[PDB]
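J.: Quick one, entry_39.tsv (TSV, C-alpha atoms and all ligand atoms):
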chain	number	residue	atom	x	y	z
A	15	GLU	CA	253.93	167.44	6.61
A	16	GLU	CA	252.00	170.18	4.62
A	17	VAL	CA	251.96	168.92	0.99
A	18	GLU	CA	250.46	171.36	-1.56
A	19	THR	CA	248.91	169.84	-4.79
A	20	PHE	CA	248.66	171.86	-8.02
A	21	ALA	CA	247.18	171.14	-11.43
A	22	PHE	CA	249.54	171.42	-14.43
A	23	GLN	CA	248.57	174.05	-17.03
A	24	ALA	CA	246.53	172.42	-19.94
A	25	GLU	CA	249.42	172.70	-22.48
A	26	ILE	CA	252.09	171.08	-20.15
A	27	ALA	CA	249.66	168.28	-19.10
A	28	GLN	CA	249.13	167.62	-22.87
A	29	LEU	CA	252.90	167.68	-23.66
A	30	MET	CA	253.45	165.20	-20.76
A	31	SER	CA	250.69	162.90	-22.17
A	32	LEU	CA	252.37	163.13	-25.64
A	33	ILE	CA	255.78	162.14	-24.09
A	34	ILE	CA	254.32	159.19	-22.10
A	35	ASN	CA	252.06	157.58	-24.79
A	36	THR	CA	254.05	158.25	-28.01
A	37	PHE	CA	256.10	155.29	-29.35
A	38	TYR	CA	259.69	156.61	-29.41
A	39	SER	CA	262.70	154.27	-28.99
A	40	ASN	CA	265.49	156.99	-28.80
A	41	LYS	CA	264.77	157.70	-25.07
A	42	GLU	CA	268.48	158.43	-24.14
A	43	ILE	CA	267.88	162.15	-25.13
A	44	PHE	CA	266.47	162.80	-21.59
A	45	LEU	CA	270.06	162.85	-20.18
A	46	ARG	CA	271.36	165.54	-22.60
A	47	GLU	CA	268.28	167.70	-21.65
A	48	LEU	CA	268.80	167.42	-17.89
A	49	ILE	CA	272.64	168.04	-18.19
A	50	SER	CA	271.89	171.03	-20.54
A	51	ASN	CA	269.49	172.47	-17.86
A	52	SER	CA	272.15	171.87	-15.18
A	53	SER	CA	274.83	173.67	-17.34
A	54	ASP	CA	272.44	176.66	-17.75
A	55	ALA	CA	271.78	176.78	-13.92
A	56	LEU	CA	275.59	176.79	-13.45
A	57	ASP	CA	276.04	179.59	-16.09
A	58	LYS	CA	273.38	181.68	-14.25
A	59	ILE	CA	275.05	181.42	-10.80
A	60	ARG	CA	278.55	181.89	-12.38
A	61	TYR	CA	277.27	185.16	-13.95
A	62	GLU	CA	275.88	186.35	-10.54
A	63	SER	CA	279.38	185.81	-8.94
A	64	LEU	CA	280.87	188.73	-10.96
A	65	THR	CA	278.47	191.54	-9.78
A	66	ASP	CA	278.08	190.10	-6.20
A	67	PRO	CA	280.70	187.63	-4.75
A	68	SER	CA	278.52	186.65	-1.70
A	69	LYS	CA	276.13	184.50	-3.84
A	70	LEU	CA	278.84	181.70	-3.85
A	71	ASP	CA	278.76	181.47	0.02
A	72	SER	CA	276.41	178.39	-0.31
A	73	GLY	CA	279.02	176.38	-2.28
A	74	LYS	CA	281.97	177.50	-4.39
A	75	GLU	CA	282.28	174.46	-6.74
A	76	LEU	CA	280.20	174.51	-9.98
A	77	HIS	CA	279.75	170.91	-11.15
A	78	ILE	CA	277.34	168.14	-12.25
A	79	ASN	CA	276.99	164.74	-10.56
A	80	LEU	CA	275.32	161.69	-12.14
A	81	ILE	CA	274.23	159.24	-9.44
A	82	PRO	CA	272.78	155.83	-10.38
A	83	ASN	CA	271.31	153.64	-7.58
A	84	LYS	CA	270.16	150.17	-8.74
A	85	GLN	CA	268.63	149.30	-5.30
A	86	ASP	CA	266.25	152.35	-5.44
A	87	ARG	CA	266.02	152.21	-9.30
A	88	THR	CA	266.89	155.95	-9.47
A	89	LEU	CA	269.14	158.09	-11.65
A	90	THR	CA	269.93	161.41	-9.94
A	91	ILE	CA	271.25	164.53	-11.80
A	92	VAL	CA	272.75	166.97	-9.27
A	93	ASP	CA	274.03	170.49	-10.06
A	94	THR	CA	275.40	173.29	-7.86
A	95	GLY	CA	273.60	175.79	-10.11
A	96	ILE	CA	271.34	178.78	-9.30
A	97	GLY	CA	268.54	176.57	-7.93
A	98	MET	CA	264.83	177.43	-7.78
A	99	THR	CA	262.58	179.45	-5.40
A	100	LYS	CA	258.96	178.39	-4.51
A	101	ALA	CA	257.78	180.98	-7.14
A	102	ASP	CA	260.12	179.36	-9.74
A	103	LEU	CA	258.62	175.87	-9.18
A	104	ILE	CA	254.96	176.94	-9.13
A	105	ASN	CA	254.48	180.07	-11.34
A	106	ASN	CA	257.72	180.75	-13.35
A	107	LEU	CA	258.23	177.13	-14.66
A	108	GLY	CA	254.50	176.95	-15.48
A	109	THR	CA	254.45	180.11	-17.68
A	110	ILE	CA	257.80	179.51	-19.52
A	111	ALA	CA	256.63	175.95	-20.40
A	112	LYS	CA	253.10	177.21	-21.44
A	113	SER	CA	254.64	179.19	-24.38
A	114	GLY	CA	257.26	176.46	-25.06
A	115	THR	CA	254.73	173.61	-25.45
A	116	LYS	CA	252.69	175.54	-28.09
A	117	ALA	CA	255.91	176.41	-30.05
A	118	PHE	CA	257.15	172.71	-29.93
A	119	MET	CA	253.78	171.01	-30.79
A	120	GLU	CA	253.38	173.31	-33.88
A	121	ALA	CA	257.02	172.49	-34.82
A	122	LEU	CA	256.31	168.71	-34.44
A	123	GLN	CA	253.55	169.04	-37.07
A	124	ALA	CA	256.01	171.15	-39.23
A	125	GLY	CA	258.58	168.29	-39.49
A	126	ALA	CA	260.50	168.45	-36.20
A	127	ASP	CA	261.57	165.35	-34.15
A	128	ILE	CA	260.88	164.70	-30.36
A	129	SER	CA	264.72	165.05	-29.89
A	130	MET	CA	264.30	168.82	-30.73
A	131	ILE	CA	262.30	169.37	-27.43
A	132	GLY	CA	265.18	171.37	-25.78
A	133	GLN	CA	264.97	174.17	-28.40
A	134	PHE	CA	261.61	175.12	-26.81
A	135	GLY	CA	262.71	175.21	-23.17
A	136	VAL	CA	260.63	172.11	-22.30
A	137	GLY	CA	263.54	169.59	-22.49
A	138	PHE	CA	262.96	168.68	-18.79
A	139	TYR	CA	259.67	166.82	-19.52
A	140	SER	CA	261.59	164.31	-21.75
A	141	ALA	CA	262.45	162.77	-18.27
A	142	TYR	CA	258.97	161.12	-18.53
A	143	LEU	CA	260.31	159.05	-21.49
A	144	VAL	CA	262.23	156.91	-18.85
A	145	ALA	CA	260.78	157.91	-15.42
A	146	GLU	CA	257.43	156.84	-13.88
A	147	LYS	CA	258.02	159.61	-11.23
A	148	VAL	CA	260.33	162.63	-11.02
A	149	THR	CA	261.32	164.27	-7.67
A	150	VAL	CA	263.11	167.63	-7.76
A	151	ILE	CA	264.98	168.97	-4.68
A	152	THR	CA	266.07	172.61	-5.11
A	153	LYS	CA	267.74	175.37	-3.11
A	154	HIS	CA	268.08	179.01	-4.17
A	155	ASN	CA	270.10	181.67	-2.25
A	156	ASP	CA	266.92	183.78	-1.69
A	157	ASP	CA	264.73	180.88	-0.43
A	158	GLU	CA	264.45	177.54	1.50
A	159	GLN	CA	264.78	173.97	0.25
A	160	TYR	CA	261.74	172.71	-1.64
A	161	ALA	CA	260.80	169.27	-2.98
A	162	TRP	CA	258.71	169.16	-6.26
A	163	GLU	CA	257.17	165.83	-7.33
A	164	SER	CA	255.08	164.48	-10.22
A	165	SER	CA	254.06	161.06	-11.58
A	166	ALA	CA	252.45	163.10	-14.39
A	167	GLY	CA	248.65	162.52	-14.49
A	168	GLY	CA	247.83	166.27	-14.45
A	169	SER	CA	249.26	167.22	-11.05
A	170	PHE	CA	252.47	168.01	-9.15
A	171	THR	CA	253.14	168.53	-5.42
A	172	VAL	CA	255.33	171.06	-3.60
A	173	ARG	CA	256.60	170.88	0.04
A	174	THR	CA	259.40	172.35	2.15
A	175	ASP	CA	262.18	169.76	2.16
A	176	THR	CA	262.77	168.73	5.83
A	177	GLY	CA	265.58	166.40	4.62
A	178	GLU	CA	269.30	166.85	3.83
A	179	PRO	CA	270.39	170.50	3.15
A	180	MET	CA	272.33	170.91	-0.17
A	181	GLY	CA	273.41	174.58	-0.03
A	182	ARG	CA	272.45	175.71	-3.53
A	183	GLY	CA	271.53	173.84	-6.68
A	184	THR	CA	269.05	171.32	-8.05
A	185	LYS	CA	268.77	167.52	-7.58
A	186	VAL	CA	266.59	165.74	-10.30
A	187	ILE	CA	265.75	162.17	-9.08
A	188	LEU	CA	264.40	159.94	-11.84
A	189	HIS	CA	262.36	156.98	-10.45
A	190	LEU	CA	262.88	154.82	-13.58
A	191	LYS	CA	260.27	152.68	-15.31
A	192	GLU	CA	260.68	148.89	-14.86
A	193	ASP	CA	262.06	148.41	-18.45
A	194	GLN	CA	264.39	151.44	-18.35
A	195	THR	CA	267.09	150.11	-15.92
A	196	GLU	CA	269.82	150.28	-18.67
A	197	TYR	CA	270.15	153.99	-17.57
A	198	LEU	CA	271.65	152.74	-14.25
A	199	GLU	CA	274.52	150.95	-16.12
A	200	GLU	CA	277.90	152.75	-16.07
A	201	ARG	CA	278.77	151.94	-19.72
A	202	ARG	CA	275.35	153.16	-20.91
A	203	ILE	CA	275.57	156.56	-19.01
A	204	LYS	CA	279.24	156.99	-20.23
A	205	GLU	CA	278.23	156.29	-23.89
A	206	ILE	CA	275.26	158.79	-23.62
A	207	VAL	CA	277.47	161.49	-21.98
A	208	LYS	CA	280.22	161.04	-24.69
A	209	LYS	CA	277.67	161.10	-27.59
A	210	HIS	CA	275.51	164.11	-26.50
A	211	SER	CA	277.32	166.10	-23.74
A	212	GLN	CA	281.01	165.93	-24.88
A	213	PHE	CA	281.48	169.79	-24.70
A	214	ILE	CA	279.69	170.93	-21.43
A	215	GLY	CA	281.81	173.65	-19.72
A	216	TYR	CA	281.62	172.06	-16.23
A	217	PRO	CA	282.92	168.72	-14.84
A	218	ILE	CA	280.51	165.78	-15.02
A	219	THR	CA	281.17	163.13	-12.42
A	220	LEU	CA	279.60	159.70	-12.93
A	221	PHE	CA	279.33	157.99	-9.49
A	222	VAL	CA	280.15	154.21	-9.17
A	223	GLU	CA	278.06	151.73	-7.05
A	301	LIG	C1	265.68	178.67	-16.84
A	301	LIG	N1	266.62	178.80	-15.70
A	301	LIG	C2	266.25	179.84	-14.72
A	301	LIG	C3	264.89	179.60	-14.10
A	301	LIG	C4	263.94	180.61	-14.24
A	301	LIG	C5	262.65	180.47	-13.72
A	301	LIG	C6	262.29	179.29	-13.07
A	301	LIG	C7	263.22	178.28	-12.91
A	301	LIG	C8	264.53	178.40	-13.43
A	301	LIG	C9	265.46	177.26	-13.22
A	301	LIG	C10	266.57	177.40	-12.34
A	301	LIG	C11	267.45	176.36	-12.14
A	301	LIG	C12	267.23	175.12	-12.79
A	301	LIG	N2	268.05	174.08	-12.61
A	301	LIG	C13	267.86	172.93	-13.23
A	301	LIG	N3	268.76	171.91	-13.00
A	301	LIG	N4	266.82	172.73	-14.05
A	301	LIG	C14	265.94	173.70	-14.32
A	301	LIG	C15	264.76	173.47	-15.19
A	301	LIG	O1	264.71	173.97	-16.30
A	301	LIG	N5	263.71	172.74	-14.72
A	301	LIG	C16	262.45	172.48	-15.42
A	301	LIG	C17	261.46	171.95	-14.40
A	301	LIG	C18	260.11	171.67	-14.50
A	301	LIG	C19	259.43	171.18	-13.40
A	301	LIG	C20	260.09	170.97	-12.19
A	301	LIG	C21	261.45	171.25	-12.09
A	301	LIG	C22	262.13	171.73	-13.20
A	301	LIG	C23	263.59	172.09	-13.39
A	301	LIG	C24	266.10	174.97	-13.67
A	301	LIG	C25	265.23	176.06	-13.88
Could you show the structure in this file as structure tokens?
T.:
Amino acid sequence: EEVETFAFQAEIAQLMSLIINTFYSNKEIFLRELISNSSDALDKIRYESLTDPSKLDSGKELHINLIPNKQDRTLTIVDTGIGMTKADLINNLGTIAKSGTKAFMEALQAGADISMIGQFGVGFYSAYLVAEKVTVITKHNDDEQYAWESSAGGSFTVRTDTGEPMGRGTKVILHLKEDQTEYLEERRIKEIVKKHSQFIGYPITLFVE
């Protein structure tokens, strides 16, 4: 398969290095960030449904699924949101994050906490607090299925997903660090969801193993 490799923009690469090497025990914030991104993707496609009703022909249900898998050591966050095009993954996410990183890093020096990352539109990268590798499968109405991947280290890869079609939405697969397996435990996910995502306007299903 034709795998394309891209360098992260200097600011994002730096933010990712900050997230990976900074001593910070309150790692559970990653979940709230990912669910908050999923809720936004669901708001975007729910808004599109009003003007044009044909955009829902790739799945009518607007929901969030939390899928732990102890065998694979993965925590998957699935949404039936707007999804991303190839341009979204390469250019659009790169430029929105470029401005976000600068705003957040200046705020960190001005008294802000790492838990305030989401206010800068870079909440996604908090995934690297618990994950050694992140794989993103995405499908937008105006494009094909793409798989994005990064183990940080300054690069990401993009390829056309030859795997299982998902219709529309985004699947964030967190390949958890060795010492971060508590995020595969039902009671731990439940407690995090109740504490930080108690008022999300879409159903959140926690899968059992
Ligand atoms: C702002 N939303 C609209 C938008 C406009 C331009 C570009 C994309 C999007 C878009 C659409 C659907 C989304 N759905 C989910 N669940 N998450 C995100 C997200 O913020 N991500 C950050 C990120 C970084 C690296 C790889 C992957 C990701 C994913 C999404 C982003």
J.: Compare A:31, A:219, A:53, A:174 by their minimum atom-to-atom distance to residue A:115, counting all atoms listed in the file, and give me the closest one.
T.: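 With all atoms listed in the file as the atom set, the closest residue is A:31.
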J.: Please, which residues have at least one atom within 8 Å of an atom of ligand LIG 301 (chain A), using all atoms listed in the file, listed as a PyMOL selection string?
T.: chain A and resi 48-49+51-55+58+91-93+95-99+101-103+106-108+110+135-139+150+152+162-163+183-186
J.: Which distance in Å separates atom CA of residue A:201 and atom CA of residue A:134, to one decimal?
T.: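 Those two atoms sit 29.7 Å apart.
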J.: Between atom CA of residue A:221 and atom CA of residue A:82, what is the distance in Å, rounded to a tenth?
T.: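 Separating atom CA of residue A:221 from atom CA of residue A:82 is a distance of 7.0 Å.
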J.: Within 7 Å of residue A:198, counting all atoms listed in the file, which residues qualify if same-chain residues fewer than 2 places away don't, as a tab-separated table (two decimals) with C-alpha atoms, in the coordinates of the input?
T.:
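Saved as around22.tsv:
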chain	number	residue	atom	x	y	z
A	82	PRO	CA	272.78	155.83	-10.38
A	83	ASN	CA	271.31	153.64	-7.58
A	84	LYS	CA	270.16	150.17	-8.74
A	89	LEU	CA	269.14	158.09	-11.65
A	195	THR	CA	267.09	150.11	-15.92
A	196	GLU	CA	269.82	150.28	-18.67
A	200	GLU	CA	277.90	152.75	-16.07
J.: Atom CA of residue A:16 to atom CA of residue A:187: how many Å, to one decimal?
T.: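 Distance between the two atoms: 21.0 Å.
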J.: Return the single residue from A:159, A:72, A:105, A:133 that is closest to residue A:177, with distances computed using all atoms listed in the file.
T.: A:159
J.: May I ask which of the residues A:45, A:34, A:56, A:141 is the closest one to residue A:202, counting all atoms listed in the file?
T.: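 The answer is A:45, which sits nearest to residue A:202.
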J.: Using all atoms listed in the file for the distances, tell me which of A:172, A:166, A:59, A:32 is nearest to residue A:119.
T.: A:32
J.: Of the residues A:68, A:90, A:63, A:36, which is the one nearest to residue A:197, using all atoms listed in the file?
T.: A:90
J.: Enclose all atoms of stretch 17-21 of chain A listed in the file in an axis-aligned box, grow every side by 8 Å, and hand back centre and edge lengths in Å to one decimal, as AutoDock Vina command-line options.
T.:
--center_x 249.6 --center_y 170.4 --center_z -5.2 --size_x 20.8 --size_y 18.9 --size_z 28.4
J.: How about completing stretch 39-56 of chain A with N, CA, C and O atoms and giving it to me as a PDB file, in the frame of the given file?
T.:
ATOM      1  N   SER A  39     261.632 155.130 -29.496  1.00  0.00           N
ATOM      2  CA  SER A  39     262.700 154.270 -28.990  1.00  0.00           C
ATOM      3  C   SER A  39     263.953 155.009 -28.523  1.00  0.00           C
ATOM      4  O   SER A  39     264.580 154.534 -27.566  1.00  0.00           O
ATOM      5  N   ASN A  40     264.292 156.180 -29.132  1.00  0.00           N
ATOM      6  CA  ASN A  40     265.490 156.990 -28.800  1.00  0.00           C
ATOM      7  C   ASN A  40     265.339 157.806 -27.478  1.00  0.00           C
ATOM      8  O   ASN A  40     265.491 159.037 -27.452  1.00  0.00           O
ATOM      9  N   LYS A  41     265.056 157.099 -26.379  1.00  0.00           N
ATOM     10  CA  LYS A  41     264.770 157.700 -25.070  1.00  0.00           C
ATOM     11  C   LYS A  41     265.970 158.369 -24.388  1.00  0.00           C
ATOM     12  O   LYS A  41     265.767 159.279 -23.585  1.00  0.00           O
ATOM     13  N   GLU A  42     267.209 157.936 -24.717  1.00  0.00           N
ATOM     14  CA  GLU A  42     268.480 158.430 -24.140  1.00  0.00           C
ATOM     15  C   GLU A  42     268.656 159.967 -24.160  1.00  0.00           C
ATOM     16  O   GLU A  42     269.522 160.467 -23.456  1.00  0.00           O
ATOM     17  N   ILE A  43     267.862 160.691 -24.985  1.00  0.00           N
ATOM     18  CA  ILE A  43     267.880 162.150 -25.130  1.00  0.00           C
ATOM     19  C   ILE A  43     267.565 162.887 -23.818  1.00  0.00           C
ATOM     20  O   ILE A  43     267.952 164.045 -23.668  1.00  0.00           O
ATOM     21  N   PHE A  44     266.842 162.226 -22.885  1.00  0.00           N
ATOM     22  CA  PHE A  44     266.470 162.800 -21.590  1.00  0.00           C
ATOM     23  C   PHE A  44     267.731 163.316 -20.828  1.00  0.00           C
ATOM     24  O   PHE A  44     267.710 164.407 -20.268  1.00  0.00           O
ATOM     25  N   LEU A  45     268.833 162.551 -20.876  1.00  0.00           N
ATOM     26  CA  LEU A  45     270.060 162.850 -20.180  1.00  0.00           C
ATOM     27  C   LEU A  45     270.705 164.153 -20.632  1.00  0.00           C
ATOM     28  O   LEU A  45     271.013 165.006 -19.802  1.00  0.00           O
ATOM     29  N   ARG A  46     270.823 164.337 -21.941  1.00  0.00           N
ATOM     30  CA  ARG A  46     271.360 165.540 -22.600  1.00  0.00           C
ATOM     31  C   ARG A  46     270.538 166.767 -22.150  1.00  0.00           C
ATOM     32  O   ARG A  46     271.120 167.818 -21.892  1.00  0.00           O
ATOM     33  N   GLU A  47     269.198 166.617 -22.040  1.00  0.00           N
ATOM     34  CA  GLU A  47     268.280 167.700 -21.650  1.00  0.00           C
ATOM     35  C   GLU A  47     268.474 168.163 -20.222  1.00  0.00           C
ATOM     36  O   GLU A  47     268.556 169.364 -19.970  1.00  0.00           O
ATOM     37  N   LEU A  48     268.552 167.203 -19.300  1.00  0.00           N
ATOM     38  CA  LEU A  48     268.800 167.420 -17.890  1.00  0.00           C
ATOM     39  C   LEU A  48     270.185 168.028 -17.635  1.00  0.00           C
ATOM     40  O   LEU A  48     270.261 169.006 -16.896  1.00  0.00           O
ATOM     41  N   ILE A  49     271.256 167.519 -18.305  1.00  0.00           N
ATOM     42  CA  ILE A  49     272.640 168.040 -18.190  1.00  0.00           C
ATOM     43  C   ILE A  49     272.727 169.463 -18.773  1.00  0.00           C
ATOM     44  O   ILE A  49     273.440 170.304 -18.227  1.00  0.00           O
ATOM     45  N   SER A  50     271.989 169.723 -19.874  1.00  0.00           N
ATOM     46  CA  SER A  50     271.890 171.030 -20.540  1.00  0.00           C
ATOM     47  C   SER A  50     271.206 172.042 -19.614  1.00  0.00           C
ATOM     48  O   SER A  50     271.611 173.199 -19.591  1.00  0.00           O
ATOM     49  N   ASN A  51     270.179 171.602 -18.831  1.00  0.00           N
ATOM     50  CA  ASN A  51     269.490 172.470 -17.860  1.00  0.00           C
ATOM     51  C   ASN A  51     270.424 172.755 -16.700  1.00  0.00           C
ATOM     52  O   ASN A  51     270.471 173.893 -16.222  1.00  0.00           O
ATOM     53  N   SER A  52     271.190 171.731 -16.267  1.00  0.00           N
ATOM     54  CA  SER A  52     272.150 171.870 -15.180  1.00  0.00           C
ATOM     55  C   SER A  52     273.264 172.866 -15.565  1.00  0.00           C
ATOM     56  O   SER A  52     273.589 173.743 -14.761  1.00  0.00           O
ATOM     57  N   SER A  53     273.801 172.767 -16.812  1.00  0.00           N
ATOM     58  CA  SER A  53     274.830 173.670 -17.340  1.00  0.00           C
ATOM     59  C   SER A  53     274.334 175.110 -17.326  1.00  0.00           C
ATOM     60  O   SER A  53     275.080 176.000 -16.909  1.00  0.00           O
ATOM     61  N   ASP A  54     273.069 175.336 -17.751  1.00  0.00           N
ATOM     62  CA  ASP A  54     272.440 176.660 -17.750  1.00  0.00           C
ATOM     63  C   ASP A  54     272.312 177.232 -16.334  1.00  0.00           C
ATOM     64  O   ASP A  54     272.585 178.415 -16.149  1.00  0.00           O
ATOM     65  N   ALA A  55     271.911 176.391 -15.336  1.00  0.00           N
ATOM     66  CA  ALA A  55     271.780 176.780 -13.920  1.00  0.00           C
ATOM     67  C   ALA A  55     273.140 177.196 -13.363  1.00  0.00           C
ATOM     68  O   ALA A  55     273.229 178.144 -12.573  1.00  0.00           O
ATOM     69  N   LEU A  56     274.205 176.504 -13.818  1.00  0.00           N
ATOM     70  CA  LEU A  56     275.590 176.790 -13.450  1.00  0.00           C
ATOM     71  C   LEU A  56     276.114 178.055 -14.129  1.00  0.00           C
ATOM     72  O   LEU A  56     276.881 178.783 -13.500  1.00  0.00           O
TER      73      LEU A  56
END
